[PDB]
>>> print(open('protein-v1.txt').read())   # compact mmCIF, C-alpha atoms
# COMPACT_ATOMS: atom_id res chain seq x y z
CA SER Y 1 -6.46 17.19 14.34
CA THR Y 2 -3.48 15.51 12.68
CA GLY Y 3 -1.50 12.31 12.95
CA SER Y 4 2.02 11.35 11.93
CA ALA Y 5 3.52 7.85 12.07
CA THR Y 6 6.73 6.33 10.79
CA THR Y 7 6.41 3.42 8.37
CA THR Y 8 9.24 0.89 8.20
CA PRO Y 9 10.19 -1.69 5.54
CA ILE Y 10 9.61 -5.25 6.72
CA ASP Y 11 12.80 -6.57 5.10
CA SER Y 12 15.85 -5.53 3.08
CA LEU Y 13 13.87 -5.55 -0.19
CA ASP Y 14 11.05 -3.20 0.90
CA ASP Y 15 8.55 -5.99 0.27
CA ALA Y 16 6.04 -4.09 2.41
CA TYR Y 17 5.93 -1.42 5.09
CA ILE Y 18 4.58 -1.62 8.64
CA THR Y 19 3.25 1.23 10.73
CA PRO Y 20 2.47 0.96 14.46
CA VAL Y 21 -1.21 1.38 15.36
CA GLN Y 22 -2.70 1.59 18.85
CA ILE Y 23 -5.91 -0.38 19.34
CA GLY Y 24 -8.07 -0.52 22.45
CA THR Y 25 -7.80 0.58 26.06
CA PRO Y 26 -5.18 0.13 27.35
CA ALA Y 27 -3.49 0.44 23.99
CA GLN Y 28 -2.44 -2.70 22.16
CA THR Y 29 0.14 -1.74 19.55
CA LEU Y 30 0.09 -3.77 16.32
CA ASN Y 31 2.23 -3.21 13.23
CA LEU Y 32 -0.14 -2.89 10.29
CA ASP Y 33 0.35 -2.74 6.53
CA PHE Y 34 -1.27 0.50 5.38
CA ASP Y 35 -2.94 -0.40 2.09
CA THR Y 36 -4.42 2.26 -0.19
CA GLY Y 37 -5.69 -0.61 -2.37
CA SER Y 38 -8.17 -2.04 0.14
CA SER Y 39 -10.64 -0.83 2.74
CA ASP Y 40 -10.63 -3.24 5.70
CA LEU Y 41 -8.76 -2.74 8.97
CA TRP Y 42 -8.16 -6.32 10.09
CA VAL Y 43 -5.84 -7.80 12.69
CA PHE Y 44 -4.43 -11.04 13.93
CA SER Y 45 -6.27 -11.65 17.16
CA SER Y 46 -6.95 -13.90 20.11
CA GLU Y 47 -9.64 -15.41 17.82
CA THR Y 48 -7.24 -16.38 15.03
CA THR Y 49 -6.87 -20.14 14.55
CA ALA Y 50 -3.80 -20.92 16.65
CA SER Y 51 -2.01 -22.91 13.92
CA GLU Y 52 -2.28 -19.85 11.64
CA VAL Y 53 -0.43 -17.52 14.06
CA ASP Y 54 3.37 -17.66 13.83
CA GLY Y 55 5.02 -14.72 15.58
CA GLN Y 56 2.48 -11.96 14.94
CA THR Y 57 1.29 -9.66 17.70
CA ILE Y 58 -2.41 -10.27 18.35
CA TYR Y 59 -5.27 -8.01 19.35
CA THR Y 60 -7.20 -9.40 22.32
CA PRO Y 61 -10.54 -7.57 22.47
CA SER Y 62 -11.45 -9.07 25.86
CA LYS Y 63 -8.56 -7.07 27.35
CA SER Y 64 -9.81 -3.77 25.88
CA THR Y 65 -12.35 -1.91 27.99
CA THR Y 66 -13.53 0.02 24.91
CA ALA Y 67 -13.98 -2.98 22.59
CA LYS Y 68 -17.55 -3.90 21.68
CA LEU Y 69 -18.62 -6.82 19.50
CA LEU Y 70 -20.36 -5.54 16.37
CA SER Y 71 -23.18 -8.02 16.63
CA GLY Y 72 -23.72 -10.21 13.59
CA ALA Y 73 -20.95 -8.62 11.54
CA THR Y 74 -18.52 -10.75 9.56
CA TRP Y 75 -15.87 -10.00 6.99
CA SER Y 76 -14.00 -11.92 4.32
CA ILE Y 77 -11.44 -10.56 1.87
CA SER Y 78 -9.30 -11.91 -0.94
CA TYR Y 79 -6.37 -9.90 -2.26
CA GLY Y 80 -4.82 -9.61 -5.72
CA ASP Y 81 -1.92 -11.84 -4.66
CA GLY Y 82 -4.26 -14.74 -3.81
CA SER Y 83 -4.07 -14.27 -0.04
CA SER Y 84 -7.19 -14.01 2.11
CA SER Y 85 -8.54 -13.62 5.63
CA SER Y 86 -11.90 -13.52 7.40
CA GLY Y 87 -13.53 -13.21 10.80
CA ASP Y 88 -15.82 -11.11 12.99
CA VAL Y 89 -15.82 -7.45 13.96
CA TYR Y 90 -15.37 -5.26 17.01
CA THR Y 91 -15.55 -1.53 17.35
CA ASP Y 92 -12.75 0.02 19.37
CA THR Y 93 -10.54 3.06 19.72
CA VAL Y 94 -7.76 3.21 17.12
CA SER Y 95 -4.92 5.73 17.08
CA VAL Y 96 -2.30 6.32 14.40
CA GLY Y 97 0.56 8.66 15.14
CA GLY Y 98 -1.44 10.64 17.71
CA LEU Y 99 -4.70 10.76 15.71
CA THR Y 100 -7.56 8.93 17.45
CA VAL Y 101 -10.79 7.50 16.05
CA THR Y 102 -13.36 6.09 18.44
CA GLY Y 103 -15.77 3.45 17.24
CA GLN Y 104 -13.48 2.21 14.47
CA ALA Y 105 -14.40 -1.17 13.03
CA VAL Y 106 -11.55 -3.52 13.91
CA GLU Y 107 -11.95 -6.73 11.93
CA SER Y 108 -10.71 -9.66 13.98
CA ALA Y 109 -9.30 -12.54 11.95
CA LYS Y 110 -10.55 -16.02 12.68
CA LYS Y 111 -8.76 -17.35 9.60
CA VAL Y 112 -5.82 -16.12 7.56
CA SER Y 113 -4.20 -17.68 4.52
CA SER Y 114 -0.71 -19.13 4.59
CA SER Y 115 1.12 -16.08 3.26
CA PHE Y 116 -0.12 -14.02 6.22
CA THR Y 117 0.86 -16.72 8.72
CA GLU Y 118 4.28 -16.98 7.09
CA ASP Y 119 4.97 -13.24 7.47
CA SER Y 120 5.60 -12.69 11.17
CA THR Y 121 6.21 -8.95 10.71
CA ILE Y 122 2.69 -7.95 9.58
CA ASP Y 123 0.01 -8.03 12.29
CA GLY Y 124 -2.80 -6.99 9.95
CA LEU Y 125 -3.82 -4.44 7.34
CA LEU Y 126 -5.20 -0.91 7.58
CA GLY Y 127 -7.14 -0.15 4.43
CA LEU Y 128 -7.09 3.36 2.96
CA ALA Y 129 -9.01 2.91 -0.30
CA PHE Y 130 -12.63 4.04 -0.48
CA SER Y 131 -15.08 2.61 2.04
CA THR Y 132 -17.28 1.23 -0.75
CA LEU Y 133 -14.78 -1.67 -0.93
CA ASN Y 134 -15.11 -2.57 2.76
CA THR Y 135 -16.14 -6.20 3.11
CA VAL Y 136 -18.04 -6.15 6.43
CA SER Y 137 -21.51 -7.70 6.15
CA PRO Y 138 -24.36 -7.01 6.60
CA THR Y 139 -23.42 -3.41 7.48
CA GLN Y 140 -20.44 -2.06 5.55
CA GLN Y 141 -17.94 -0.18 7.71
CA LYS Y 142 -15.83 2.93 7.17
CA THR Y 143 -12.08 3.13 6.88
CA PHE Y 144 -9.93 4.81 9.51
CA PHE Y 145 -9.41 7.76 7.15
CA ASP Y 146 -13.12 8.08 6.42
CA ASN Y 147 -13.90 8.08 10.15
CA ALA Y 148 -11.16 10.63 10.93
CA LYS Y 149 -11.69 12.90 7.91
CA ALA Y 150 -14.12 15.39 9.40
CA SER Y 151 -11.85 15.99 12.41
CA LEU Y 152 -8.68 16.46 10.37
CA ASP Y 153 -7.25 19.91 9.75
CA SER Y 154 -7.40 19.07 6.03
CA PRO Y 155 -9.13 15.97 4.56
CA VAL Y 156 -5.93 14.34 3.31
CA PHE Y 157 -3.30 11.78 4.09
CA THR Y 158 0.17 11.48 2.61
CA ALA Y 159 2.46 8.55 1.89
CA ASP Y 160 6.22 9.15 1.96
CA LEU Y 161 7.71 5.67 1.61
CA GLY Y 162 11.45 5.23 1.89
CA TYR Y 163 13.83 3.27 -0.28
CA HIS Y 164 15.53 0.80 2.04
CA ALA Y 165 14.68 3.24 4.83
CA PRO Y 166 11.78 4.34 7.03
CA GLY Y 167 9.25 6.88 5.82
CA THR Y 168 6.07 8.54 7.04
CA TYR Y 169 2.30 8.48 6.82
CA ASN Y 170 0.73 11.80 7.78
CA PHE Y 171 -2.96 12.48 8.30
CA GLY Y 172 -4.58 15.89 8.06
CA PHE Y 173 -1.67 18.01 6.82
CA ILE Y 174 0.92 18.28 4.06
CA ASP Y 175 4.51 18.52 5.32
CA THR Y 176 5.98 21.07 2.92
CA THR Y 177 9.51 20.09 4.05
CA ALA Y 178 9.08 16.50 2.85
CA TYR Y 179 9.27 17.10 -0.91
CA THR Y 180 11.08 19.18 -3.52
CA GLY Y 181 9.48 21.41 -6.09
CA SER Y 182 5.69 21.49 -6.29
CA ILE Y 183 2.96 18.88 -5.92
CA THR Y 184 1.18 18.05 -9.17
CA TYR Y 185 -2.42 17.05 -8.63
CA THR Y 186 -4.31 14.73 -10.96
CA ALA Y 187 -7.88 13.50 -11.23
CA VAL Y 188 -9.12 10.38 -9.46
CA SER Y 189 -11.95 8.03 -10.37
CA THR Y 190 -13.55 6.34 -7.37
CA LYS Y 191 -15.77 4.12 -9.56
CA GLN Y 192 -13.84 0.95 -8.65
CA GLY Y 193 -13.23 2.02 -5.05
CA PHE Y 194 -9.53 2.71 -5.67
CA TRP Y 195 -7.31 5.79 -5.88
CA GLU Y 196 -7.45 5.39 -9.65
CA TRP Y 197 -5.75 7.95 -11.88
CA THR Y 198 -4.23 8.28 -15.37
CA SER Y 199 -0.51 8.69 -15.85
CA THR Y 200 0.50 10.75 -18.88
CA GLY Y 201 3.31 8.46 -20.05
CA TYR Y 202 6.73 7.05 -19.34
CA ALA Y 203 10.42 7.05 -20.20
CA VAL Y 204 13.08 4.37 -19.82
CA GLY Y 205 16.43 5.60 -18.54
CA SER Y 206 17.60 8.63 -20.52
CA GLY Y 207 15.23 7.82 -23.38
CA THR Y 208 12.56 10.11 -24.74
CA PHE Y 209 9.26 10.42 -22.95
CA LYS Y 210 6.37 8.54 -24.54
CA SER Y 211 3.08 10.37 -24.13
CA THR Y 212 0.39 7.77 -23.53
CA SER Y 213 -2.44 7.46 -21.03
CA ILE Y 214 -1.95 4.72 -18.42
CA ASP Y 215 -4.90 4.22 -16.07
CA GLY Y 216 -3.91 2.63 -12.77
CA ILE Y 217 -4.21 2.68 -9.00
CA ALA Y 218 -1.97 4.18 -6.32
CA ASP Y 219 -1.59 1.13 -4.08
CA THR Y 220 0.72 1.20 -1.07
CA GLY Y 221 -0.21 -2.43 -0.33
CA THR Y 222 1.33 -3.77 -3.55
CA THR Y 223 5.13 -4.10 -3.66
CA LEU Y 224 5.83 -3.73 -7.38
CA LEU Y 225 4.90 -1.56 -10.35
CA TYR Y 226 2.52 -3.39 -12.72
CA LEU Y 227 2.14 -1.79 -16.15
CA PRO Y 228 0.97 -2.79 -19.64
CA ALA Y 229 3.05 -5.44 -21.35
CA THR Y 230 4.18 -3.00 -24.06
CA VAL Y 231 5.64 -0.62 -21.46
CA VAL Y 232 7.25 -3.40 -19.43
CA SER Y 233 8.85 -4.93 -22.53
CA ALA Y 234 10.29 -1.56 -23.51
CA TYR Y 235 11.84 -1.26 -20.04
CA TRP Y 236 13.41 -4.71 -19.84
CA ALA Y 237 14.70 -4.53 -23.42
CA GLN Y 238 17.23 -2.02 -22.06
CA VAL Y 239 18.68 -4.59 -19.63
CA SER Y 240 21.08 -7.10 -21.20
CA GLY Y 241 19.94 -10.63 -20.44
CA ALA Y 242 16.56 -9.72 -19.01
CA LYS Y 243 13.71 -12.04 -19.91
CA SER Y 244 10.20 -12.93 -18.88
CA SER Y 245 10.22 -16.28 -17.10
CA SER Y 246 6.96 -18.22 -16.90
CA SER Y 247 8.48 -20.55 -14.30
CA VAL Y 248 9.54 -17.68 -12.04
CA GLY Y 249 6.41 -15.62 -12.73
CA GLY Y 250 7.73 -12.47 -14.36
CA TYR Y 251 10.71 -10.62 -15.67
CA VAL Y 252 14.09 -11.59 -14.24
CA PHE Y 253 17.46 -10.09 -15.02
CA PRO Y 254 21.13 -10.80 -14.32
CA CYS Y 255 21.99 -9.70 -10.80
CA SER Y 256 25.18 -8.21 -12.24
CA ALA Y 257 23.17 -5.65 -14.24
CA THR Y 258 22.92 -1.92 -13.59
CA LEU Y 259 19.25 -1.10 -14.08
CA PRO Y 260 18.01 2.04 -15.88
CA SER Y 261 15.63 4.42 -14.22
CA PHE Y 262 11.93 4.53 -15.11
CA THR Y 263 10.02 7.80 -15.35
CA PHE Y 264 6.24 8.13 -15.15
CA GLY Y 265 4.17 11.20 -15.96
CA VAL Y 266 1.82 13.04 -13.62
CA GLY Y 267 0.25 15.68 -15.82
CA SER Y 268 3.16 17.68 -17.18
CA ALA Y 269 5.37 16.59 -14.26
CA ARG Y 270 7.67 13.60 -14.10
CA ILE Y 271 8.54 11.17 -11.29
CA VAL Y 272 11.84 9.32 -11.73
CA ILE Y 273 12.21 5.85 -10.19
CA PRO Y 274 15.96 5.16 -9.83
CA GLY Y 275 17.12 1.88 -11.32
CA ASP Y 276 18.12 0.49 -7.92
CA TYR Y 277 14.48 0.69 -6.78
CA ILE Y 278 13.63 -1.87 -9.47
CA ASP Y 279 15.97 -4.59 -8.13
CA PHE Y 280 14.18 -7.16 -5.96
CA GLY Y 281 17.16 -9.41 -5.56
CA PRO Y 282 17.85 -13.06 -6.22
CA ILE Y 283 14.86 -15.20 -7.16
CA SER Y 284 16.08 -17.74 -4.62
CA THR Y 285 18.90 -17.55 -2.13
CA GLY Y 286 22.26 -17.58 -3.92
CA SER Y 287 20.87 -17.23 -7.42
CA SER Y 288 22.43 -14.83 -9.91
CA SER Y 289 18.98 -14.29 -11.46
CA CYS Y 290 17.25 -11.29 -9.89
CA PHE Y 291 13.57 -10.43 -9.84
CA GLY Y 292 12.38 -7.26 -11.53
CA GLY Y 293 10.40 -4.53 -9.82
CA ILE Y 294 8.45 -3.60 -12.97
CA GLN Y 295 6.12 -6.38 -14.12
CA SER Y 296 3.30 -6.82 -16.58
CA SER Y 297 -0.27 -6.13 -15.48
CA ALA Y 298 -1.67 -8.15 -18.38
CA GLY Y 299 -2.93 -10.87 -16.04
CA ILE Y 300 -4.36 -8.49 -13.43
CA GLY Y 301 -6.95 -6.39 -15.26
CA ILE Y 302 -5.62 -3.13 -13.81
CA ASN Y 303 -2.32 -1.30 -13.72
CA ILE Y 304 -0.87 -0.86 -10.24
CA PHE Y 305 1.41 1.97 -9.10
CA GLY Y 306 2.74 0.02 -6.14
CA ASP Y 307 5.52 0.80 -3.71
CA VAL Y 308 8.25 0.76 -6.41
CA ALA Y 309 6.60 3.81 -7.98
CA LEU Y 310 5.15 5.46 -4.88
CA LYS Y 311 8.41 5.36 -2.90
CA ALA Y 312 9.98 7.64 -5.54
CA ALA Y 313 7.46 10.36 -4.67
CA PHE Y 314 5.71 12.27 -1.94
CA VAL Y 315 2.08 11.25 -2.52
CA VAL Y 316 -1.01 13.16 -1.42
CA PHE Y 317 -4.27 11.23 -1.09
CA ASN Y 318 -6.72 14.14 -1.13
CA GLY Y 319 -10.07 13.07 0.28
CA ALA Y 320 -11.91 16.29 -0.48
CA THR Y 321 -15.48 16.07 -1.79
CA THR Y 322 -13.94 15.40 -5.20
CA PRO Y 323 -10.84 13.32 -4.41
CA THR Y 324 -7.55 13.88 -6.22
CA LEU Y 325 -4.00 12.54 -6.03
CA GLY Y 326 -0.87 14.66 -5.75
CA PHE Y 327 2.70 13.65 -6.57
CA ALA Y 328 5.93 15.51 -5.83
CA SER Y 329 9.53 14.54 -6.24
CA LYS Y 330 11.55 14.34 -3.03
>>> encode(input="protein-v1.txt", output="structure tokens")
Amino acid sequence: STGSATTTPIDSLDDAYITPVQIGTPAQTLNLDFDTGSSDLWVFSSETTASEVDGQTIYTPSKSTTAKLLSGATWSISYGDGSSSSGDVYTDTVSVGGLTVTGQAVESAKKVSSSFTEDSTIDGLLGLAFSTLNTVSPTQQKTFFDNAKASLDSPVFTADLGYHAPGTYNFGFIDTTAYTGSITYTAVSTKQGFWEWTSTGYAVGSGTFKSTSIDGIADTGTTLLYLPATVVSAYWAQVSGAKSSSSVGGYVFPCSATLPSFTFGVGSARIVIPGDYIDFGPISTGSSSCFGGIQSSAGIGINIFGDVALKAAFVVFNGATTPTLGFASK
């Protein structure tokens, strides 16, 4: 089998991407944030505290003839940005882009933190990291990809995120029309549950490539590119007036600037992030200070190849017995 679904930016900055997902019988369609950095499929629901729902579409398991309470199961997750959610668990039929999994754990939120409430466009998350990170207790549950893998034509999914434009998540096949050149594959460590790999270096604008190993995670659920402070300083030093602002929480730059590109290495290959992809707009409405799309990971403990990086590439998440990642230009 295969699936193919369009993923759409939630706003004009590409702060996140939503993909429609069918849950239950009859189908209830929710727009979920596909997140290769986590491993829970959780949704706003009829069980979510009413004051914490503000415009989201909710899953109502009592209206699904295929929903079954997973007795005794609870979940609770906290994300790198400080947000969180928790609740109980149903199994139900879940379809993405024509690909159907029966018996998928659908984690129903009883509580969500304020940032989820405040984002009316995201009805939940669909985790695509390794199932060892799944938070359901006392019986850990599998991701949608893990459940579908054996049925897929090939045990892979691909992320083709657009810049200020829709893109595509495919399951089970590699669309050879969606990228240019060849796909360069690179090793993955699953030891932390992430799609963790080692970039071979970077360049800033037209500058020379610096060969240096940068371990990080391919994370579709994180907006920005988080890299070591040395790398980030070298980038922003090329932008007149750019500075790190403790009060804003990262590097800011004059909105009048033209930003240089940023290149990262994948083996001997190179992915070029155009400068425009690194502009996240005014820090507050009307400001001439703009927020940068490349930020330091020094406070995180891991480097994160988020959407800023991934949207410049066609990315293969290869879930073969030994997983690997593939990157192509597009």
>>> closest_residue(input="protein-v1.txt", among="Y:286, Y:144, Y:134, Y:174", to="residue 156 of chain Y", atoms="all atoms listed in the file")
Y:174
>>> residues_around(input="protein-v1.txt", residues="segment 302-313 of chain Y", least_positions_apart="2", cutoff="8 Å", atoms="only C-alpha atoms", output="number ranges by chain")
Y: 16, 159-163, 179, 214-228, 271-274, 277-278, 293-294, 297-298, 300, 315, 327-330
>>> closest_residue(input="protein-v1.txt", among="Y:197, Y:254, Y:101, Y:183", to="residue 150 of chain Y", atoms="all atoms listed in the file")
Y:101
>>> closest_atom_pairs(input="protein-v1.txt", of="segment 260-303 of chain Y", to="segment 7-13 of chain Y", cutoff="9 Å", atoms="only C-alpha atoms", output="Markdown table")
| residue | atom | partner | partner_atom | distance |
| --- | --- | --- | --- | --- |
| Y:279 | CA | Y:13 | CA | 8.3 |
| Y:280 | CA | Y:13 | CA | 6.0 |
| Y:281 | CA | Y:13 | CA | 7.4 |
>>> closest_residue(input="protein-v1.txt", among="Y:38, Y:31, Y:48, Y:177", to="residue 131 of chain Y", atoms="only C-alpha atoms")
Y:38
>>> atom_distance(input="protein-v1.txt", atom1="atom CA of residue 17 of chain Y", atom2="atom CA of residue 2 of chain Y")
20.8 Å
>>> residues_near_point(input="protein-v1.txt", point="(-20.4, -4.6, 1.5)", cutoff="12 Å", atoms="all atoms listed in the file", output="VMD selection string")
chain Y and resid 39 to 40 73 to 77 130 to 142 193
>>> residues_around(input="protein-v1.txt", residues="residue 27 of chain Y", least_positions_apart="2", cutoff="12 Å", atoms="all atoms listed in the file", output="ChimeraX atom specification")
/Y:20-25,29-30,59-61,63-67,92-96,100
>>> residues_around(input="protein-v1.txt", residues="residue 52 of chain Y", least_positions_apart="6", cutoff="12 Å", atoms="all atoms listed in the file", output="PDB file with C-alpha atoms, in the frame of the given file")
ATOM      1  CA  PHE Y  44      -4.430 -11.040  13.930  1.00  0.00           C
ATOM      2  CA  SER Y  45      -6.270 -11.650  17.160  1.00  0.00           C
ATOM      3  CA  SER Y  46      -6.950 -13.900  20.110  1.00  0.00           C
ATOM      4  CA  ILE Y  58      -2.410 -10.270  18.350  1.00  0.00           C
ATOM      5  CA  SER Y  85      -8.540 -13.620   5.630  1.00  0.00           C
ATOM      6  CA  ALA Y 109      -9.300 -12.540  11.950  1.00  0.00           C
ATOM      7  CA  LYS Y 110     -10.550 -16.020  12.680  1.00  0.00           C
ATOM      8  CA  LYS Y 111      -8.760 -17.350   9.600  1.00  0.00           C
ATOM      9  CA  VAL Y 112      -5.820 -16.120   7.560  1.00  0.00           C
ATOM     10  CA  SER Y 113      -4.200 -17.680   4.520  1.00  0.00           C
ATOM     11  CA  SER Y 114      -0.710 -19.130   4.590  1.00  0.00           C
ATOM     12  CA  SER Y 115       1.120 -16.080   3.260  1.00  0.00           C
ATOM     13  CA  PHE Y 116      -0.120 -14.020   6.220  1.00  0.00           C
ATOM     14  CA  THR Y 117       0.860 -16.720   8.720  1.00  0.00           C
ATOM     15  CA  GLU Y 118       4.280 -16.980   7.090  1.00  0.00           C
ATOM     16  CA  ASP Y 119       4.970 -13.240   7.470  1.00  0.00           C
ATOM     17  CA  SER Y 120       5.600 -12.690  11.170  1.00  0.00           C
TER      18      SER Y 120
END
>>> closest_residue(input="protein-v1.txt", among="Y:178, Y:53, Y:255, Y:5", to="residue 239 of chain Y", atoms="all atoms listed in the file")
Y:255
>>> residues_around(input="protein-v1.txt", residues="residue 256 of chain Y", least_positions_apart="5", cutoff="9 Å", atoms="all atoms listed in the file", output="MDAnalysis selection string")
chainID Y and resid 288:290
>>> write_last_selection(input="protein-v1.txt", atoms="C-alpha atoms", output="mmCIF file, keeping the file's coordinate frame")
data_model
loop_
_atom_site.group_PDB
_atom_site.id
_atom_site.type_symbol
_atom_site.label_atom_id
_atom_site.label_comp_id
_atom_site.auth_asym_id
_atom_site.auth_seq_id
_atom_site.Cartn_x
_atom_site.Cartn_y
_atom_site.Cartn_z
ATOM 1 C CA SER Y 288 22.430 -14.830 -9.910
ATOM 2 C CA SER Y 289 18.980 -14.290 -11.460
ATOM 3 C CA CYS Y 290 17.250 -11.290 -9.890
#
>>> closest_residue(input="protein-v1.txt", among="Y:185, Y:194, Y:145, Y:202", to="residue 171 of chain Y", atoms="all atoms listed in the file")
Y:145
>>> residues_near_point(input="protein-v1.txt", point="(-1.0, 15.4, -16.4)", cutoff="7 Å", atoms="only C-alpha atoms", output="PDB file with C-alpha atoms, keeping the file's coordinate frame")
ATOM      1  CA  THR Y 186      -4.310  14.730 -10.960  1.00  0.00           C
ATOM      2  CA  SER Y 199      -0.510   8.690 -15.850  1.00  0.00           C
ATOM      3  CA  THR Y 200       0.500  10.750 -18.880  1.00  0.00           C
ATOM      4  CA  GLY Y 265       4.170  11.200 -15.960  1.00  0.00           C
ATOM      5  CA  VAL Y 266       1.820  13.040 -13.620  1.00  0.00           C
ATOM      6  CA  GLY Y 267       0.250  15.680 -15.820  1.00  0.00           C
ATOM      7  CA  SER Y 268       3.160  17.680 -17.180  1.00  0.00           C
ATOM      8  CA  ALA Y 269       5.370  16.590 -14.260  1.00  0.00           C
TER       9      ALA Y 269
END
